[PDB]
Amino acid sequence: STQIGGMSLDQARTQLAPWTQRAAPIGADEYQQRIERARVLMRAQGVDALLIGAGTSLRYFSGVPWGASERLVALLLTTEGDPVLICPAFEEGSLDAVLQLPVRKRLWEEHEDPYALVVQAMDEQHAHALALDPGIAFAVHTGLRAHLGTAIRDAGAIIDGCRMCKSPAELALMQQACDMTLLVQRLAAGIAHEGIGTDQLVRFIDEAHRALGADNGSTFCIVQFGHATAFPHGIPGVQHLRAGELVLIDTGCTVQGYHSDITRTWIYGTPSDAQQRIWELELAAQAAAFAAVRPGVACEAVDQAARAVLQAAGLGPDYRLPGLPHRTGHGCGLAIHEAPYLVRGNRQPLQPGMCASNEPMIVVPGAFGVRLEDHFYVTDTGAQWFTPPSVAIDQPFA
Amino acid sequence: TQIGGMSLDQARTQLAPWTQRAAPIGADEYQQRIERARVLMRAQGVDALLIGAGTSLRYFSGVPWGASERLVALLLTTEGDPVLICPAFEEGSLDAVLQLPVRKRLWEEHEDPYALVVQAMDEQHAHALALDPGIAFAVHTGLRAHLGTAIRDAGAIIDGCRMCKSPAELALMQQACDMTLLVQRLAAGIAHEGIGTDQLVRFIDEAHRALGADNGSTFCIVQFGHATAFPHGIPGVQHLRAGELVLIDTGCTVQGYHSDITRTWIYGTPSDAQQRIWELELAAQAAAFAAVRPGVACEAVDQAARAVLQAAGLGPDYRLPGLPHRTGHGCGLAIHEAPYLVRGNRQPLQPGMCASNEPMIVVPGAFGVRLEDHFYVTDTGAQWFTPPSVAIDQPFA
Ligand SMILES: [Mn+2]
Ligand SMILES: [Mn+2]
Ligand SMILES: [Mn+2]
Ligand SMILES: [Mn+2]
Ligand code: NA
Ligand code: NA
């Protein structure tokens with residue numbers, strides 16, 4: 001190997017300059033385009049009002065990046081006019097400073113009923129067919145239902161109808177985040193040595209993400225050694241690296257809210273025949289899944305292409321272990337997981353601009369797991385990798 | 001003497017792993033929480049309770065996982081081990097975190113998890129479901145596809161369990177507060193002219209980790225000078241100058257239980273206005289604490305703080321200069337939870353309830369002063385988790 005081990009912490013740090021290729025933020029015109037696309041989808045669904053809660057969908061339509069809390073902060077979009085922004089009174093100044101869209105502020109003091117404000121705004125515009133953000137807390141349904149007597153639809157089709165296909169600016173922001181995380185993955189492999197701790201790697205990866213100018217360091221970071229790699233959702237526990245162990249690292253960051261999410265699995269020292277066999281199979285399943293992607297292709301077909309490779313090698317079938325116990329991938333954007341899902345049963349056709357992970361992890365019970373994760377986006381004629389796949393068990397980077 | 005003068009190396013000699021470790025919640029207490037939920041369910045005519053991944057699932061089952069698009073949930077009915085609905089591929093990991101005996105019902109990726117919930121309801125002849133108000137609305141959509149019956153809001157049941165803390169819960173929160181109080185103290189000590197907000201944030205995370213928090217700082221806000229007048233403003237690096245107030249709001253978790261402490265202190269010489277407002281903030285916090293005892297409505301605690309501000313000529317109500325938001329919020333496995341110390345909330349305080357006391361004063365465009373310490377209700381009054389600040393230049397008792 002020329003990529004694994006052999007780099008000091010100081011040497012890694014010389015490569016950690018703030019990222020010089022900064023993708024442009026989403027502009028005012030694009031936020032308006034998103035509002036207009038939602039209105040088209042609302043009309044198709046027969047909905048005349050849309051309530052978006054704080055979180056990734058509020059940031060999508062308005063630029064407000066705040067996480068959801070027990071206090072209602074929401075955008076109410078109707079067929080005409082600037083959308084209504086419902087917000088705590090004490091937050092008005094902070095809101096003005098992050099909004100990217102002209103809005104009609106409706107402010108509530110702490111003891112006042114914010115749900116009443118939503119319905120009042122609906123009534124003023126003669127709206128009586130609300131679709132509610134499926135990511136919003138159920139408590140908001142309770143609050144609304146105290147004032148509303150009409151059917152409340154689930155807004156998922158509208159929200160996915162907008163967010164699944166990324167604009168060039170969105171792709172560029174995801175691209176930047178992916179490029180940064182790919183470097184961090186490379187440096188993490190470089191500094192690995194006998195005895196190094198999983199916690200030491202997590203800490204360095206966060207440090208590197210910050211140094212490169214991520215929104216907020218590592219969004220998340222999973223580091224697993226040896227038998228711990230057999231768990232897609234294993235408990236964090238400190239391990240120290242021994243020769244002969246696989247190392248699995250899954251991490252990512254955000255840039256203007258847009259996510260990277262890359263997994264590398266590589267050998268420290270000499271691999272066993274079994275580790276070698278399963279690693280090559282993982283790459284082949286990932287490759288086949290990618291090869292299945294072009295416009296019009298059903299999402300489940302991408303999952304099945306990966307399973308076909310595993311089955312031909314005598315793993316599986318279906319979700320059986322040794323094999324692939326979960327879906328092949330998930331969409332990615334302002335959220336770590338979003339539509340479309342590359343999962344059995346999903347007939348959703350792939351369209352240009354859709355972004356998804358490609359990670360058909362193999363688990364061998366009691367032994368290890370191998371997960372390669374790279375994201376792609378659909379193009380007019382096929383697909384494009386955000387990051388190129390690994391080359392070999394001891395060459396994690398193309 | 002508490003502010004400035006300490007080197008980074010001096011501070012680090014006080015950062016050994018915490019030696020007074022509170023005991024983790026035991027198996028018997030999880031059973032007590034389930035039984036308490038069942039009593040409250042029955043009292044409300046509810047025969048099934050669905051708890052989603054998040055702080056309530058951790059409360060009842062020990063599972064710490066954050067919510068995702070995949071349903072992970074506990075279904076509690078009137079009898080038998082509660083049902084745990086979980087993706088099949090996660091069973092192994094689920095087993096390793098569960099603190100409660102359960103009946104696992106596993107779904108493969110293409111299968112409908114909502115169907116499992118309703119199958120489990122039907123098996124026990126349940127048809128009066130209450131649903132976790134913190135769960136994604138998507139779950140209502142999924143359940144409604146399968147149910148003709150009302151899906152009630154489980155907030156009253158869940159709060160009825162979680163608002164009053166056990167001794168073990170208090171001890172875990174107490175440990176988190178003690179650790180964060182030390183980190184706050186060390187942060188004041190290493191402060192110096194030109195120090196960066198980002199530098200303080202990093203130290204505070206380093207300190208939380210060294211002491212043995214679950215995962216460093218849960219959050220950390222550090223603001224200098226006029227920035228203190230903008231509590232929810234866009235973060236941007238500042239460098240400290242003499243004459244500026246410093247506001248630090250940070251916390252950690254211990255076994256999931258939260259600390260959340262704010263200190264505001266002067267670096268250098270304060271102005272008369274800074275001084276007078278700081279004193280008023282302390283007095284508002286103290287009056288709110290003095291109103292706390294069993295039987296007092298939560299809104300009276302908020303009003304006690306406002307009364308102090310209005311007697312001094314600030315406000316009234318939420319007007320500025322003054323207190324533009326509520327006086328405080330409950331705290332436990334979540335940073336914010338019931339009960340809320342807010343106008344309109346008639347909820348009577350009961351022994352064991354935990355809440356923040358933080359009646360911040362904002363002077364628009366100038367500065368803000370926030371003192372935040374949490375308390376719990378005792379049999380006859382209240383107890384501070386951490387003692388309040390003493391002066392504008394003595395943040396620690
Ligand atoms: Mn992923
Ligand atoms: Mn990942
Ligand atoms: Mn607080
Ligand atoms: Mn706080
Ligand atoms: Na919809
Ligand atoms: Na991390």
# chains A, B, ... in the order shown; residues from 1 in each chain; ligands from 1

$ select_by_dssp --residues "region 84-253 of chain B" --states "alpha helix (DSSP H)" --output "PyMOL selection string"
chain B and resi 91-97+113-123+137-144+155-162+167-190+197-211

$ residues_near_ligand --ligand "ligand 5" --cutoff "7 Å" --atoms "only C-alpha atoms and all ligand atoms" --output "ChimeraX atom specification"
/A:45,131,153-159

$ interface_residues --of "chain A" --to "chain B" --cutoff "6 Å" --atoms "only C-alpha atoms" --output "JSON, numbers by chain"
{"A": [90, 94, 111, 134, 135, 136, 137, 138, 139, 234, 325, 344, 345]}

$ write_last_selection --atoms "N, CA, C and O atoms" --output "PDB file, in the first residue's frame"
ATOM      1  N   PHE A  90     -39.795  37.020  19.640  1.00  0.00           N
ATOM      2  CA  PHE A  90     -38.476  37.396  20.154  1.00  0.00           C
ATOM      3  C   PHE A  90     -37.372  37.022  19.148  1.00  0.00           C
ATOM      4  O   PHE A  90     -36.239  37.515  19.227  1.00  0.00           O
ATOM      5  N   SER A  94     -33.385  37.838  14.409  1.00  0.00           N
ATOM      6  CA  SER A  94     -32.557  36.731  13.937  1.00  0.00           C
ATOM      7  C   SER A  94     -33.087  36.135  12.632  1.00  0.00           C
ATOM      8  O   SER A  94     -32.310  35.744  11.753  1.00  0.00           O
ATOM      9  N   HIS A 111     -46.883  33.155  25.024  1.00  0.00           N
ATOM     10  CA  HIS A 111     -48.119  32.608  25.584  1.00  0.00           C
ATOM     11  C   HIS A 111     -49.218  32.477  24.533  1.00  0.00           C
ATOM     12  O   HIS A 111     -50.318  31.984  24.834  1.00  0.00           O
ATOM     13  N   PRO A 134     -44.154  16.128   6.264  1.00  0.00           N
ATOM     14  CA  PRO A 134     -44.062  14.848   6.990  1.00  0.00           C
ATOM     15  C   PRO A 134     -42.897  14.790   7.991  1.00  0.00           C
ATOM     16  O   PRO A 134     -42.877  13.893   8.836  1.00  0.00           O
ATOM     17  N   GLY A 135     -41.948  15.724   7.898  1.00  0.00           N
ATOM     18  CA  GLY A 135     -40.832  15.754   8.827  1.00  0.00           C
ATOM     19  C   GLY A 135     -41.121  16.556  10.090  1.00  0.00           C
ATOM     20  O   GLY A 135     -40.321  16.540  11.037  1.00  0.00           O
ATOM     21  N   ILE A 136     -42.261  17.247  10.115  1.00  0.00           N
ATOM     22  CA  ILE A 136     -42.618  18.099  11.266  1.00  0.00           C
ATOM     23  C   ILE A 136     -43.122  17.236  12.437  1.00  0.00           C
ATOM     24  O   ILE A 136     -43.668  16.150  12.223  1.00  0.00           O
ATOM     25  N   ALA A 137     -42.935  17.693  13.678  1.00  0.00           N
ATOM     26  CA  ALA A 137     -43.360  16.890  14.828  1.00  0.00           C
ATOM     27  C   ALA A 137     -44.881  16.685  14.823  1.00  0.00           C
ATOM     28  O   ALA A 137     -45.641  17.578  14.439  1.00  0.00           O
ATOM     29  N   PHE A 138     -45.311  15.502  15.242  1.00  0.00           N
ATOM     30  CA  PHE A 138     -46.745  15.193  15.340  1.00  0.00           C
ATOM     31  C   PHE A 138     -47.516  16.206  16.204  1.00  0.00           C
ATOM     32  O   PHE A 138     -48.720  16.433  15.982  1.00  0.00           O
ATOM     33  N   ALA A 139     -46.833  16.815  17.174  1.00  0.00           N
ATOM     34  CA  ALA A 139     -47.429  17.868  18.011  1.00  0.00           C
ATOM     35  C   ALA A 139     -48.024  19.009  17.171  1.00  0.00           C
ATOM     36  O   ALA A 139     -49.001  19.651  17.576  1.00  0.00           O
ATOM     37  N   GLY A 234     -23.428  -0.287  14.743  1.00  0.00           N
ATOM     38  CA  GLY A 234     -22.803  -0.711  15.987  1.00  0.00           C
ATOM     39  C   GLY A 234     -22.606   0.409  16.996  1.00  0.00           C
ATOM     40  O   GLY A 234     -22.505   1.578  16.616  1.00  0.00           O
ATOM     41  N   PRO A 325     -27.860  -6.814   4.015  1.00  0.00           N
ATOM     42  CA  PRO A 325     -29.059  -6.907   4.860  1.00  0.00           C
ATOM     43  C   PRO A 325     -29.999  -5.704   4.772  1.00  0.00           C
ATOM     44  O   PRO A 325     -31.115  -5.775   5.309  1.00  0.00           O
ATOM     45  N   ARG A 344     -35.830  -2.246  -2.717  1.00  0.00           N
ATOM     46  CA  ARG A 344     -36.816  -3.134  -3.305  1.00  0.00           C
ATOM     47  C   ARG A 344     -38.200  -2.532  -3.106  1.00  0.00           C
ATOM     48  O   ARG A 344     -38.501  -2.001  -2.035  1.00  0.00           O
ATOM     49  N   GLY A 345     -39.017  -2.574  -4.154  1.00  0.00           N
ATOM     50  CA  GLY A 345     -40.375  -2.058  -4.087  1.00  0.00           C
ATOM     51  C   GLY A 345     -40.559  -0.639  -4.601  1.00  0.00           C
ATOM     52  O   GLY A 345     -41.676  -0.241  -4.933  1.00  0.00           O
TER      53      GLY A 345
END

$ residues_near_ligand --ligand "ligand 3" --cutoff "12 Å" --atoms "only C-alpha atoms and all ligand atoms" --output "ChimeraX atom specification"
/B:218-221,231,248-252,258-263,325-332,334-337,340-341,354-360,370-375

$ write_last_selection --atoms "N, CA and C atoms" --output "short mmCIF file (atom, residue, chain, number, x, y, z; two decimals), in the first residue's frame"
data_model
loop_
_atom_site.label_atom_id
_atom_site.label_comp_id
_atom_site.auth_asym_id
_atom_site.auth_seq_id
_atom_site.Cartn_x
_atom_site.Cartn_y
_atom_site.Cartn_z
N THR B 218 -22.46 19.43 24.25
CA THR B 218 -23.71 19.24 23.52
C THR B 218 -23.91 20.41 22.57
N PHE B 219 -23.55 21.58 23.06
CA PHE B 219 -23.62 22.82 22.30
C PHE B 219 -22.69 23.80 22.99
N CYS B 220 -22.38 24.90 22.33
CA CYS B 220 -21.58 25.93 22.96
C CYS B 220 -21.76 27.23 22.20
N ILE B 221 -22.25 28.23 22.91
CA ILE B 221 -22.40 29.58 22.38
C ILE B 221 -21.44 30.46 23.15
N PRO B 231 -28.82 36.85 20.92
CA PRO B 231 -28.67 35.47 21.41
C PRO B 231 -28.77 34.40 20.33
N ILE B 248 -21.25 32.96 27.83
CA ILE B 248 -20.96 31.58 27.46
C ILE B 248 -22.12 30.70 27.88
N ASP B 249 -22.76 30.05 26.90
CA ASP B 249 -23.83 29.10 27.16
C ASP B 249 -23.39 27.73 26.65
N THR B 250 -23.24 26.77 27.55
CA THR B 250 -22.79 25.45 27.13
C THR B 250 -23.31 24.35 28.06
N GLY B 251 -23.16 23.11 27.63
CA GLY B 251 -23.66 21.99 28.40
C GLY B 251 -23.13 20.69 27.83
N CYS B 252 -23.37 19.60 28.56
CA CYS B 252 -23.00 18.27 28.11
C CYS B 252 -24.08 17.30 28.52
N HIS B 258 -29.03 16.13 30.59
CA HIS B 258 -28.42 17.40 30.18
C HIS B 258 -28.05 18.38 31.29
N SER B 259 -26.90 19.02 31.12
CA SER B 259 -26.61 20.30 31.75
C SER B 259 -26.79 21.40 30.70
N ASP B 260 -26.95 22.63 31.18
CA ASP B 260 -27.18 23.78 30.32
C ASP B 260 -27.00 25.00 31.20
N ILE B 261 -25.80 25.58 31.17
CA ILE B 261 -25.46 26.68 32.06
C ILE B 261 -25.00 27.89 31.26
N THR B 262 -25.49 29.07 31.63
CA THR B 262 -24.99 30.30 31.03
C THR B 262 -24.38 31.20 32.08
N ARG B 263 -23.23 31.77 31.73
CA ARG B 263 -22.57 32.76 32.55
C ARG B 263 -22.36 34.02 31.70
N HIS B 325 -38.53 36.63 26.05
CA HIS B 325 -39.02 35.26 25.96
C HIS B 325 -39.32 34.73 27.35
N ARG B 326 -39.67 33.45 27.44
CA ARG B 326 -40.03 32.85 28.71
C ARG B 326 -38.84 32.82 29.68
N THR B 327 -39.14 32.65 30.97
CA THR B 327 -38.11 32.61 32.01
C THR B 327 -37.31 31.30 32.00
N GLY B 328 -37.94 30.20 31.61
CA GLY B 328 -37.24 28.93 31.60
C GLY B 328 -37.99 27.76 31.00
N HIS B 329 -37.32 26.62 30.93
CA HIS B 329 -37.88 25.41 30.32
C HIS B 329 -37.46 24.19 31.14
N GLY B 330 -38.26 23.13 31.08
CA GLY B 330 -37.88 21.89 31.72
C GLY B 330 -36.68 21.28 31.03
N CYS B 331 -36.02 20.36 31.72
CA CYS B 331 -34.81 19.75 31.19
C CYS B 331 -34.68 18.35 31.76
N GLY B 332 -34.10 17.44 30.99
CA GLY B 332 -33.93 16.07 31.41
C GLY B 332 -33.15 15.32 30.34
N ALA B 334 -34.02 15.56 27.32
CA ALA B 334 -34.02 16.59 26.28
C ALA B 334 -33.54 17.93 26.84
N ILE B 335 -32.91 18.74 25.99
CA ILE B 335 -32.52 20.09 26.40
C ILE B 335 -33.76 20.90 26.79
N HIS B 336 -34.81 20.78 25.98
CA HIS B 336 -36.09 21.45 26.27
C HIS B 336 -37.16 20.39 26.45
N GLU B 337 -37.85 20.41 27.58
CA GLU B 337 -39.00 19.53 27.81
C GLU B 337 -39.91 20.15 28.87
N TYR B 340 -42.87 24.12 31.11
CA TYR B 340 -42.31 25.40 30.66
C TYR B 340 -42.70 26.54 31.61
N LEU B 341 -41.71 27.33 32.00
CA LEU B 341 -41.94 28.48 32.88
C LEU B 341 -42.34 29.67 32.02
N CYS B 354 -37.68 19.47 36.97
CA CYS B 354 -36.40 20.15 36.71
C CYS B 354 -36.59 21.23 35.67
N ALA B 355 -36.04 22.41 35.90
CA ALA B 355 -36.17 23.46 34.91
C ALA B 355 -35.03 24.46 34.97
N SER B 356 -34.85 25.17 33.86
CA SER B 356 -33.89 26.26 33.77
C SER B 356 -34.50 27.54 34.34
N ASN B 357 -33.64 28.43 34.83
CA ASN B 357 -34.05 29.73 35.33
C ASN B 357 -33.13 30.76 34.68
N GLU B 358 -33.63 31.40 33.63
CA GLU B 358 -32.77 32.22 32.78
C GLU B 358 -33.49 33.43 32.20
N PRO B 359 -33.95 34.35 33.07
CA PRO B 359 -34.72 35.51 32.60
C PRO B 359 -33.84 36.59 31.98
N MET B 360 -33.18 36.27 30.87
CA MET B 360 -32.25 37.18 30.19
C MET B 360 -32.80 38.58 29.96
N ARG B 370 -27.42 37.23 30.36
CA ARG B 370 -28.15 36.00 30.67
C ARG B 370 -27.41 35.20 31.72
N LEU B 371 -28.08 34.98 32.85
CA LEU B 371 -27.61 34.02 33.85
C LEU B 371 -28.52 32.80 33.76
N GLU B 372 -27.94 31.62 33.60
CA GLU B 372 -28.77 30.40 33.52
C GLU B 372 -28.22 29.33 34.44
N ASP B 373 -29.04 28.95 35.43
CA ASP B 373 -28.78 27.82 36.30
C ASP B 373 -30.07 27.03 36.35
N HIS B 374 -29.99 25.71 36.52
CA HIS B 374 -31.20 24.89 36.60
C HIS B 374 -31.49 24.54 38.06
N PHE B 375 -32.74 24.17 38.34
CA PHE B 375 -33.14 23.81 39.69
C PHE B 375 -34.04 22.59 39.61
#

$ residues_near_ligand --ligand "ligand 6" --cutoff "8 Å" --atoms "only C-alpha atoms and all ligand atoms" --output "NGL selection string"
:A and (202-203 or 205-206 or 217-222)

$ write_last_selection --atoms "C-alpha atoms" --output "tab-separated table (two decimals), in the first residue's frame"
chain	number	residue	atom	x	y	z
A	202	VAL	CA	-12.73	10.50	14.92
A	203	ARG	CA	-11.05	13.49	16.55
A	205	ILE	CA	-11.42	13.70	11.06
A	206	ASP	CA	-13.42	16.43	12.84
A	217	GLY	CA	-16.66	19.95	11.26
A	218	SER	CA	-17.83	16.37	10.88
A	219	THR	CA	-21.60	16.01	10.51
A	220	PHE	CA	-21.06	12.49	11.85
A	221	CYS	CA	-18.21	9.99	12.08
A	222	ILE	CA	-18.20	6.22	12.43

$ residues_near_ligand --ligand "ligand 1" --cutoff "8 Å" --atoms "only C-alpha atoms and all ligand atoms" --output "PyMOL selection string"
chain A and resi 261-263+329-330+332+336-337+357-359+373

$ write_last_selection --atoms "N, CA and C atoms" --output "CSV table (one decimal), in the first residue's frame"
chain,number,residue,atom,x,y,z
A,261,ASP,N,-21.1,12.2,2.4
A,261,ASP,CA,-21.3,10.9,3.2
A,261,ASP,C,-20.6,9.8,2.4
A,262,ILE,N,-19.3,9.6,2.9
A,262,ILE,CA,-18.4,8.7,2.2
A,262,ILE,C,-18.0,7.6,3.1
A,263,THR,N,-18.1,6.3,2.7
A,263,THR,CA,-17.5,5.2,3.5
A,263,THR,C,-16.3,4.5,2.7
A,329,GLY,N,-29.1,2.0,-1.3
A,329,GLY,CA,-28.7,3.4,-1.1
A,329,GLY,C,-29.9,4.3,-0.8
A,330,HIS,N,-29.6,5.5,-0.6
A,330,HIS,CA,-30.6,6.5,-0.2
A,330,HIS,C,-30.3,7.9,-0.9
A,332,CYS,N,-29.8,12.0,-1.1
A,332,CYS,CA,-29.0,12.8,-0.2
A,332,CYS,C,-29.1,14.2,-0.8
A,336,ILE,N,-29.2,14.1,5.3
A,336,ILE,CA,-28.3,12.9,5.1
A,336,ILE,C,-29.1,11.8,4.4
A,337,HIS,N,-30.3,11.5,4.7
A,337,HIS,CA,-31.3,10.6,4.1
A,337,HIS,C,-32.5,11.4,3.5
A,357,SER,N,-26.8,7.7,-2.6
A,357,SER,CA,-25.7,6.9,-2.1
A,357,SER,C,-25.7,5.5,-2.8
A,358,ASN,N,-24.5,4.9,-3.0
A,358,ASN,CA,-24.4,3.6,-3.6
A,358,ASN,C,-23.5,2.8,-2.6
A,359,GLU,N,-24.1,2.0,-1.7
A,359,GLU,CA,-23.4,1.4,-0.6
A,359,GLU,C,-23.9,0.0,-0.3
A,373,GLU,N,-19.0,3.3,0.2
A,373,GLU,CA,-20.1,4.2,-0.1
A,373,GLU,C,-19.6,5.4,-0.9

$ residues_around --residues "residue 3 (chain B)" --least-positions-apart "3" --cutoff "8 Å" --atoms "only C-alpha atoms" --output "ChimeraX atom specification"
/B:188-191,267,393-394

$ residues_around --residues "residue 198 (chain B)" --least-positions-apart "4" --cutoff "10 Å" --atoms "only C-alpha atoms" --output "list in words"
residues 202, 203, 204, 220, 221, 222, 223, 235, 236, 237, 238 and 239 of chain B

$ write_last_selection --atoms "N, CA and C atoms" --output "mmCIF file, in the first residue's frame"
data_model
loop_
_atom_site.group_PDB
_atom_site.id
_atom_site.type_symbol
_atom_site.label_atom_id
_atom_site.label_comp_id
_atom_site.auth_asym_id
_atom_site.auth_seq_id
_atom_site.Cartn_x
_atom_site.Cartn_y
_atom_site.Cartn_z
ATOM 1 N N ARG B 202 -13.479 25.658 21.430
ATOM 2 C CA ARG B 202 -12.654 24.453 21.317
ATOM 3 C C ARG B 202 -12.212 23.948 22.678
ATOM 4 N N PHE B 203 -11.769 24.865 23.527
ATOM 5 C CA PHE B 203 -11.350 24.496 24.870
ATOM 6 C C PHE B 203 -12.501 23.841 25.630
ATOM 7 N N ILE B 204 -13.684 24.425 25.509
ATOM 8 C CA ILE B 204 -14.846 23.935 26.237
ATOM 9 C C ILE B 204 -15.210 22.515 25.781
ATOM 10 N N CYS B 220 -22.381 24.904 22.328
ATOM 11 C CA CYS B 220 -21.576 25.933 22.962
ATOM 12 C C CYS B 220 -21.758 27.225 22.203
ATOM 13 N N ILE B 221 -22.245 28.233 22.909
ATOM 14 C CA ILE B 221 -22.397 29.575 22.384
ATOM 15 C C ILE B 221 -21.445 30.461 23.154
ATOM 16 N N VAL B 222 -20.627 31.224 22.438
ATOM 17 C CA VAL B 222 -19.726 32.174 23.073
ATOM 18 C C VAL B 222 -19.837 33.504 22.360
ATOM 19 N N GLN B 223 -20.243 34.542 23.082
ATOM 20 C CA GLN B 223 -20.467 35.848 22.466
ATOM 21 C C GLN B 223 -19.787 36.973 23.242
ATOM 22 N N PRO B 235 -23.563 32.987 14.152
ATOM 23 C CA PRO B 235 -22.238 32.920 14.772
ATOM 24 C C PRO B 235 -21.151 33.440 13.834
ATOM 25 N N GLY B 236 -20.202 34.171 14.405
ATOM 26 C CA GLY B 236 -19.062 34.693 13.674
ATOM 27 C C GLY B 236 -17.961 34.921 14.688
ATOM 28 N N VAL B 237 -16.716 34.662 14.307
ATOM 29 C CA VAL B 237 -15.628 34.731 15.271
ATOM 30 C C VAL B 237 -15.416 36.156 15.764
ATOM 31 N N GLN B 238 -15.217 36.292 17.070
ATOM 32 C CA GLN B 238 -14.864 37.566 17.686
ATOM 33 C C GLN B 238 -13.577 37.422 18.470
ATOM 34 N N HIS B 239 -12.913 38.547 18.724
ATOM 35 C CA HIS B 239 -11.736 38.544 19.582
ATOM 36 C C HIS B 239 -11.893 39.559 20.707
#

$ atom_distance --atom1 "CA of residue 255 (chain A)" --atom2 "CA of residue 199 (chain B)"
21.8 Å

$ residues_around --residues "residue 312 (chain A)" --least-positions-apart "4" --cutoff "12 Å" --atoms "only C-alpha atoms" --output "ChimeraX atom specification"
/A:281,284-285,305-308,316-317,323

$ write_last_selection --atoms "N, CA, C and O atoms" --output "compact mmCIF listing (two decimals), in the first residue's frame"
# COMPACT_ATOMS: atom_id res chain seq x y z
N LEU A 281 -15.93 -8.36 -3.98
CA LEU A 281 -17.35 -8.54 -4.25
C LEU A 281 -18.11 -7.25 -3.96
O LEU A 281 -19.03 -6.88 -4.71
N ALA A 284 -17.63 -4.90 -6.73
CA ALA A 284 -18.34 -5.35 -7.93
C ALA A 284 -19.84 -5.08 -7.81
O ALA A 284 -20.50 -4.75 -8.81
N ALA A 285 -20.39 -5.23 -6.61
CA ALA A 285 -21.80 -4.94 -6.39
C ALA A 285 -22.07 -3.44 -6.51
O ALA A 285 -23.06 -3.03 -7.14
N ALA A 305 -29.67 -4.79 -9.03
CA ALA A 305 -28.43 -5.01 -9.77
C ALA A 305 -27.29 -5.37 -8.81
O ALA A 305 -26.44 -6.22 -9.12
N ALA A 306 -27.28 -4.74 -7.65
CA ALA A 306 -26.29 -5.06 -6.63
C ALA A 306 -26.53 -6.47 -6.08
O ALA A 306 -25.59 -7.24 -5.91
N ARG A 307 -27.79 -6.82 -5.82
CA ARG A 307 -28.10 -8.13 -5.26
C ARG A 307 -27.77 -9.26 -6.24
O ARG A 307 -27.38 -10.36 -5.84
N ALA A 308 -27.92 -8.96 -7.53
CA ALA A 308 -27.62 -9.93 -8.57
C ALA A 308 -26.16 -10.35 -8.52
O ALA A 308 -25.84 -11.54 -8.64
N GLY A 316 -26.42 -13.86 -0.32
CA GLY A 316 -27.86 -13.65 -0.39
C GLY A 316 -28.57 -15.00 -0.37
O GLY A 316 -28.08 -15.93 0.25
N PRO A 317 -29.72 -15.11 -1.07
CA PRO A 317 -30.37 -14.09 -1.88
C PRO A 317 -31.11 -13.11 -0.99
O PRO A 317 -31.01 -13.23 0.24
N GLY A 323 -24.25 -11.45 3.05
CA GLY A 323 -24.93 -10.71 2.00
C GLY A 323 -25.27 -9.30 2.44
O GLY A 323 -24.67 -8.76 3.38

$ residues_around --residues "residue 167 (chain A)" --least-positions-apart "5" --cutoff "9 Å" --atoms "only C-alpha atoms" --output "list in words"
residues 30, 172 and 353 of chain A

$ write_last_selection --atoms "C-alpha atoms" --output "PDB file, in the first residue's frame"
ATOM      1  CA  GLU A  30     -33.437  29.851  -7.108  1.00  0.00           C
ATOM      2  CA  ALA A 172     -21.774  22.066  -6.932  1.00  0.00           C
ATOM      3  CA  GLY A 353     -30.281  15.647 -11.013  1.00  0.00           C
TER       4      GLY A 353
END

$ residues_around --residues "region 18-24 of chain B" --least-positions-apart "6" --cutoff "7 Å" --atoms "only C-alpha atoms" --output "list in words"
residues 168, 171, 172, 175, 211, 212 and 255 of chain B

$ select_by_dssp --residues "region 224-386 of chain B" --states "strand (DSSP E)" --output "ChimeraX atom specification"
/B:224,244-251,253-254,257-258,261-267,328-330,337-341,354-357,361-363,367-369,373-377,382-384

$ atom_distance --atom1 "CA of residue 280 (chain B)" --atom2 "CA of residue 309 (chain B)"
7.0 Å

$ decode --residues "region 341-354 of chain A" --atoms "C-alpha atoms" --output "PDB file, in the first residue's frame"
ATOM      1  CA  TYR A 341     -34.571   5.353  -1.913  1.00  0.00           C
ATOM      2  CA  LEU A 342     -32.754   2.605  -3.789  1.00  0.00           C
ATOM      3  CA  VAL A 343     -34.812  -0.123  -2.201  1.00  0.00           C
ATOM      4  CA  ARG A 344     -36.816  -3.134  -3.305  1.00  0.00           C
ATOM      5  CA  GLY A 345     -40.375  -2.058  -4.087  1.00  0.00           C
ATOM      6  CA  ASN A 346     -39.587   1.524  -5.100  1.00  0.00           C
ATOM      7  CA  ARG A 347     -40.893   2.057  -8.619  1.00  0.00           C
ATOM      8  CA  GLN A 348     -39.819   5.734  -8.631  1.00  0.00           C
ATOM      9  CA  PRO A 349     -38.106   6.418 -11.977  1.00  0.00           C
ATOM     10  CA  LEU A 350     -34.648   8.001 -11.773  1.00  0.00           C
ATOM     11  CA  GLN A 351     -34.446  11.473 -13.327  1.00  0.00           C
ATOM     12  CA  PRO A 352     -31.538  13.841 -14.110  1.00  0.00           C
ATOM     13  CA  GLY A 353     -30.281  15.647 -11.013  1.00  0.00           C
ATOM     14  CA  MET A 354     -31.357  13.031  -8.469  1.00  0.00           C
TER      15      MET A 354
END
